[PDB]
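# Coordinate inspection notes
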Amino acid sequence: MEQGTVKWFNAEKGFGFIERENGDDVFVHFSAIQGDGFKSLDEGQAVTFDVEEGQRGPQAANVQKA
């Protein structure tokens, strides 16, 4: 149920941040992005996905469009 709004994507590094109630700093990266043309993450759009926290660091995995 890791649904949230994409806050912004720092293309400088290649990381996107998505805002959640539990944490507004979810690292989304295009290594877990879907297809169907939806390979673009844009600030202010809503998405649904899964989040796997690593060694202090919640990253997004399995990204689906809301």
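Residues numbered from 1 in each chain as written, not as in the entry; some residues may be left out. Heavy atoms only, no water.

- The PDB entry annotates the chain as Cold shock-like protein CspLA originating from Listeria monocytogenes.
- Word for word, the UniProt comment on the chain under Subunit is "Homodimer."
- Annotation of the chain in UniProt includes, under Subcellular location, the sentence "Cytoplasm". (UniProt positions renumbered as here; feature names shortened; annotations may be inferred.)

### With respect to the pattern of salt bridges
- One pass over the full model with this rule turns up two salt bridges.
- Here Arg-20 makes a salt bridge to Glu-2, at a shortest N to O gap of 2.7 Å. With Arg-20 in the loop between strand 2 (15-19) and strand 3 (26-28) and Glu-2 in strand 1 (residues 2-10), this pair connects stretches of sequence that are 18 residues apart.
- A salt bridge links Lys-7 to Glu-19; its shortest N-O distance comes to 2.8 Å. Of this pair, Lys-7 sits in strand 1 while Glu-19 sits in strand 2, placing them 12 residues apart in sequence. (Salt bridge = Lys/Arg side-chain N within 4 Å of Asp/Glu carboxyl O. Helix = DSSP H or I, 4+ residues; strand = E, 2+ residues; numbered from the N terminus.)

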